Each structure stands twice: as structure tokens, then as C-alpha cells.
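K.L.:
Contents of data-v4.cif (mmCIF, C-alpha atoms) are given next:
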```
data_query
#
loop_
_atom_site.group_PDB
_atom_site.id
_atom_site.type_symbol
_atom_site.label_atom_id
_atom_site.label_comp_id
_atom_site.auth_asym_id
_atom_site.auth_seq_id
_atom_site.Cartn_x
_atom_site.Cartn_y
_atom_site.Cartn_z
ATOM 1 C CA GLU G 1 43.139 -207.171 -182.629
ATOM 2 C CA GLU G 2 42.751 -209.069 -185.867
ATOM 3 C CA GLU G 3 45.490 -211.503 -185.402
ATOM 4 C CA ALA G 4 49.006 -211.637 -184.731
ATOM 5 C CA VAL G 5 46.813 -212.620 -182.003
ATOM 6 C CA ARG G 6 44.753 -215.772 -181.831
ATOM 7 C CA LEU G 7 48.133 -217.539 -182.226
ATOM 8 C CA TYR G 8 49.254 -214.993 -179.936
ATOM 9 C CA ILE G 9 47.809 -214.273 -176.591
ATOM 10 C CA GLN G 10 47.833 -218.057 -176.101
ATOM 11 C CA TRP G 11 51.519 -217.327 -175.928
ATOM 12 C CA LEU G 12 51.346 -214.792 -173.123
ATOM 13 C CA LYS G 13 48.177 -216.365 -171.807
ATOM 14 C CA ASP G 14 50.582 -219.194 -171.241
ATOM 15 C CA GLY G 15 53.347 -217.102 -169.710
ATOM 16 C CA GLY G 16 54.732 -214.929 -172.479
ATOM 17 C CA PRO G 17 57.815 -215.639 -174.631
ATOM 18 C CA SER G 18 59.110 -216.832 -171.238
ATOM 19 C CA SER G 19 57.337 -219.985 -172.382
ATOM 20 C CA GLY G 20 59.099 -222.438 -174.657
ATOM 21 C CA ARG G 21 57.385 -220.408 -177.282
ATOM 22 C CA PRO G 22 58.154 -217.258 -179.177
ATOM 23 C CA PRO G 23 56.081 -214.578 -180.749
ATOM 24 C CA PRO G 24 52.904 -214.873 -182.667
ATOM 25 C CA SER G 25 52.933 -211.584 -184.183
#
```
Is it possible to give me this structure as C-alpha cells?

P.N.:
Amino acid sequence: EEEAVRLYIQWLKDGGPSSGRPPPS
């Protein structure tokens, strides 16, 4: 993947949008 990601993953790597944190994308 060439981004969306990079910001992303981090997001789900954390715990997903279940985090206080919404989509990269």
C-alpha cells in the first residue's frame, strides 16, 4: 500500500478506529 497507510495502520496497529482515532485513508 502506498499510503492511506503510514498514517494508517498505526491506527489499527493501535486498536482500530476503536481508538480515539479515526481513519487514515

K.L.:
If we count only C-alpha atoms and set the cut-off at 12 Å, which residues sit around residue G:2, ignoring sequence neighbours fewer than 6 positions away in its own chain? Please answer as JSON, numbers by chain.

P.N.:
{"G": [8, 9, 25]}

K.L.:
Just how far from atom CA of residue G:1 is atom CA of residue G:15, in Å to one decimal?

P.N.:
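Separation of atom CA of residue G:15 and atom CA of residue G:1: 19.2 Å.
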
K.L.:
Go through the shown structure with the PyMOL selection byres ((chain G and resi 23) around 10) and write out the matching residues as a list in words.

P.N.:
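That expression, the PyMOL selection byres ((chain G and resi 23) around 10), corresponds here to residues 4, 5, 7, 8, 9, 11, 12, 16, 17, 21, 22, 24 and 25 of chain G.
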